[PDB]
Ligand SMILES: Nc1ncnc2c1ncn2[C@@H]1O[C@H](COP(=O)(O)OP(=O)(O)O)[C@@H](O)[C@H]1O
Ligand SMILES: Nc1ncnc2c1ncn2[C@@H]1O[C@H](COP(=O)(O)OP(=O)(O)O)[C@@H](O)[C@H]1O
Ligand SMILES: Nc1ncnc2c1ncn2[C@@H]1O[C@H](COP(=O)(O)OP(=O)(O)O)[C@@H](O)[C@H]1O
Ligand SMILES: Nc1ncnc2c1ncn2[C@@H]1O[C@H](COP(=O)(O)OP(=O)(O)O)[C@@H](O)[C@H]1O
Ligand SMILES: Nc1ncnc2c1ncn2[C@@H]1O[C@H](COP(=O)(O)OP(=O)(O)O)[C@@H](O)[C@H]1O
Ligand SMILES: Nc1ncnc2c1ncn2[C@@H]1O[C@H](COP(=O)(O)OP(=O)(O)O)[C@@H](O)[C@H]1O
Ligand SMILES: Nc1ncnc2c1ncn2[C@@H]1O[C@H](COP(=O)(O)OP(=O)(O)O)[C@@H](O)[C@H]1O
Ligand SMILES: Nc1ncnc2c1ncn2[C@@H]1O[C@H](COP(=O)(O)OP(=O)(O)O)[C@@H](O)[C@H]1O
């Protein structure tokens, strides 16, 4: 019921739209103003903020959210830095989207609860569908 | 048992590796020679060919394969052109990886059996996992 | 007499201006509002619409037009998608502007009556002019 | 019979291929080595040279050629500078490919015998074909 | 008394300041807003406009000015295009600042009354001062 | 008759060419070898040397030259360092080309006999020409 | 006890914080207002001023300070010009942070009591630590 | 006696020169060929290699070296990735140069034995020198 998604892109935006359809309260935060306006109606709360600043994260109230999904793409440093800040806020579950194998290793060692690799993870279940078909 | 994957990238390469682990015969075709060499051991047959040429597709024997997966990325025209050629070869099932919404619409109307959107489709099942995780 | 041009750019805009001079009824449709305003006086009907939506095409009345020219440039997917929709509307003649060799092949197989390659096609007639000169 | 084409791109390359088919001697000059290698078999003489340097132009023997076509694209300064050098070499006929309206005006005033606008010029003859059809 | 300077840079700004000290009416036009604000007090009229647009030049009233100095630097195309527009406005005297030898040749042939090369022209008078010293 | 120009660029090269035309002996020194070769015929003596090294300056014989012009551009530190070395060699007249206002202040306080600002100084005489023309 | 630091950056800011911890009176001057506000609590006196203007330096009272540290970075001309002004104010000890080898030479000849090269000087003591660590 | 320095820049190059003077065997590795040539005489072994590739690190023999100093600057990802690879090679002591506070935190959590901040660390000892003076 209490979910937060950081980064409204192809992967992050899809999570907000799907969660909103199921009837869940989702907080969407993104630096780009156009992304927040587009997903303003698809999220319970839409915020234009920078996730790499610890002062803004406290203003949003991320510590309240049990699940935080960091879906920042094409900016690996922002994704790595955001998750490191979230552990200081003792977030119980942090789900991070990885970009490559090296980024996957860094996120694992800095304390990411679950690492998502949308291109690689989709292949291993498309292949599973082929066997079942 | 008879699968063909076109385009050995992040999405296409993952399918070949996973299918090979399960014990399936997979044909891997890619224009780039480095990709084919890397996945030569992970595929039953690895071929360096261009999927946009109908003469090369007949040489491989794609008509034999019941399932063909077009995993070409960052080259939308090659992905669109390859699937159009495959329908001429009366391929029963063609699975195509889409890049954006506009590419999804084009593939649907040209006769793609199943369209895959790895970034968008993963989000709708990650969100499903969140609900099931309470 | 009944012509429709989709995409008011360097190639599409030149067709509307030349046809208007000859005294022909031309319908101009383009997503960009500035392009439609600029060519509003150079076309019998100017419409701000998206050619990739089949609902808007029926509103314009494209099925009435015998000749439809798809002059969309720099957006290959929009050009490919528009021509595929037009064949559903049983348009007799569809002329499409191609961007590269791969786009030329796709348009040919999806049922484009005539494919135009302005950069390549101009070279083969400039060269012809050199021989005649 | 004696033609020279400068810049082996979409427009320049099409002229060399078409002239070669008709059986004409064409000299192809381009800074990029890949372009010259690709069109080496499609031109009687292929040269890797920079057209903005007056010393290299004399080495090629451009003054011998009666017709010189400057098909440099995406580099307006190189196209403008090349044609200015050619007039010093008293080239009888110089055909230049223009990029926009402002480039068309500059080429006209610096002494270009014929200015070609492939995107705009193709539209005025596609529109003519529509009327004749 | 009636002077116009286009481009408020190191060379253009120095002309406005020196002319203002001598008691002359100078119109300063520049695209950058910071440059116009800095030289607003050093010019009789300061305008934020683009010199490459013929519509804006007529609004300023450049045709009234007998002397127009085009001091645009680091943007050779803007400098070349601006002077070509000014000749359409039948400006009696046009003084242009050149960037290199090739730019000097282009400006001379498009009808620049006087071409200024601040780096090169200063050397020929510093050397003259050495002989007189 | 005895002039030395350091830095063969747009400003430094113009001084050597103009002085050579008037019939003066000019020594041209520059780190770049292409610049020295280009201006070898336009100078009585052309030398490929670094002006920031005091050992090379003595080899050239700069102390003999009464007028030394430091026309180094785009390298403010080299221009500032060269003029500081020249004062140790008790050069009577040192003319330096400045790059900006801050560089003008530094050169003035380190003992530059005359500071030249080609972009700014040309404007104040172009403006003077406008007044005399009207 | 009487120290002045000019330029509140990575190097200048570290000096003010460390001196403040030890219990010393430090004057911090910087053109940027955000830097002065950030280090206002870490310095006894924080001033927003330009060090290249001799009128502002007298207002601060730099002549009173025995030690002045010029930690201006990325603006070599400001660093060079500031130290030249300080010698006119007969400052006993002037410590300057250098940017490169050429800037090091200029500062040495204009009368800098001690020149600091944080990147180079840290390497020669990290290497010393390696030898002592066996 | 057995030291390896990765990245021949202002900080890395100073370590190699100082260690070479003291009479120590230093291996210098850098992607840039000019840096390796300049420091070839100042290091016992100079190698042109990429530290982000685990295959090249084994070729050099980094596992033999007890002390490895990662002095990569202006490329934070290369510095972070290199140190992560070194821990797989069970390097006893790894000294890393940090760029900012956020990079300092990441290196600390991924297992850097000692983190060096040349700009910040020099200030705390210059200030110490002032008190002692
Ligand atoms: N520091 C940041 N804080 C919050 N959101 C960010 C930050 N940096 C980037 N983003 C957002 O993350 C999104 C990443 O999208 P993109 O790079 O297109 O790949 P994807 O859509 O797969 O995530 C961007 O839309 C951007 O707005
Ligand atoms: N015409 C083609 N025929 C076969 N394979 C192709 C063709 N064009 C591209 N490919 C392959 O498809 C792959 C696409 O990978 P990429 O663009 O990185 O995205 P992804 O890894 O998500 O597929 C490339 O590795 C390339 O080798
Ligand atoms: N989906 C669309 N529907 C209608 N018009 C479009 C669409 N997408 C782009 N266009 C128009 O097509 C034109 C293409 O112009 P451009 O890309 O500059 O190349 P060209 O001028 O050669 O056509 C654009 O001006 C744009 O307004
Ligand atoms: N200075 C030059 N001299 C000769 N050829 C050039 C020069 N600059 C660019 N070219 C060539 O001109 C060609 C222009 O092609 P491009 O910019 O793709 O547009 P187009 O194909 O329409 O000409 C390039 O392939 C380039 O190799
Ligand atoms: N299209 C334009 N119209 C008017 N002013 C322009 C235009 N383009 C550039 N300028 C101005 O011309 C000035 C050129 O300055 P710069 O490039 O620094 O060299 P300089 O100072 O020697 O002229 C810039 O400050 C810019 O504001
Ligand atoms: N340390 C040095 N000693 C001698 N000459 C130098 C030194 N550094 C640079 N130069 C020369 O000074 C010239 C400066 O030219 P440039 O930077 O193009 O501006 P300008 O042409 O206006 O002087 C360069 O051609 C360079 O060869
Ligand atoms: N003229 C000046 N007077 C005073 N302070 C200055 C002046 N110019 C720059 N500074 C300050 O010096 C600091 C230099 O910091 P920076 O360039 O980041 O490198 P570092 O942090 O290593 O010193 C800047 O924060 C700036 O505020
Ligand atoms: N992947 C890499 N492997 C090895 N060396 C690298 C790599 N990336 C950068 N370097 C080297 O590290 C050096 C960093 O220097 P620089 O960025 O100037 O800052 P500093 O001199 O303070 O280290 C560069 O000279 C570069 O050659």
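Here chain F follows Swiss-Prot for its numbers: 7-140, in order, are the residues you see.
Determination method: electron microscopy, 2.8 Å.
Placed from the backbone N, Cα and C atoms, the Cβ positions cover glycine too.
Under the DSSP three-state reduction, residue F:56 (NAD(+) binding site) is assigned to coil, being neither helix nor strand. Under the heading NAD(+) binding site, Swiss-Prot lists F:16, F:36, F:37, F:38, F:56, F:57, F:78, F:79, F:80, F:103, F:104, F:105, F:109, F:125, citing experimental evidence as support.
Among the binding-site residues F:16, F:78, F:104, none has a Cβ under 8 Å from a Cβ of chain B.
Over all protein chains present, the Cβ of residue F:37 (NAD(+) binding site) has 17 other Cβ atoms lying within 10 Å. Sequence-distant neighbours of residue F:80 (NAD(+) binding site): residues of the same chain at least 6 apart with a C-beta under 8 Å from its C-beta are F:105.
With a threshold of 8 Å between Cβ atoms, none of the binding-site residues F:37, F:56, F:80 neighbour chain G. With a cut-off of under 6 Å between the Cβ and any atom of ligand 6, the binding-site residues F:16, F:104, F:109 reduce to F:16. The Cβ of residue F:104 (NAD(+) binding site) lies under 8 Å from the Cβ of F:110, F:113, F:121, F:122, F:123, each of these being in the same chain and 6 or more residues away along the sequence.
Proximity to chain E, taken as a Cβ less than 8 Å from one of its Cβ atoms, holds for F:16 among the binding-site residues F:16, F:56, F:78, F:109. Take F:16, F:36, F:37, F:38, F:56, F:57, F:78, F:79, F:80, F:103, F:104, F:105, F:109, F:125, the residues named in the record as contacts for NAD(+): the widest Cα to Cα gap among them comes to 26 Å. All chains included, 13 other C-beta atoms sit within 10 angstroms of the C-beta of residue F:56 (NAD(+) binding site).
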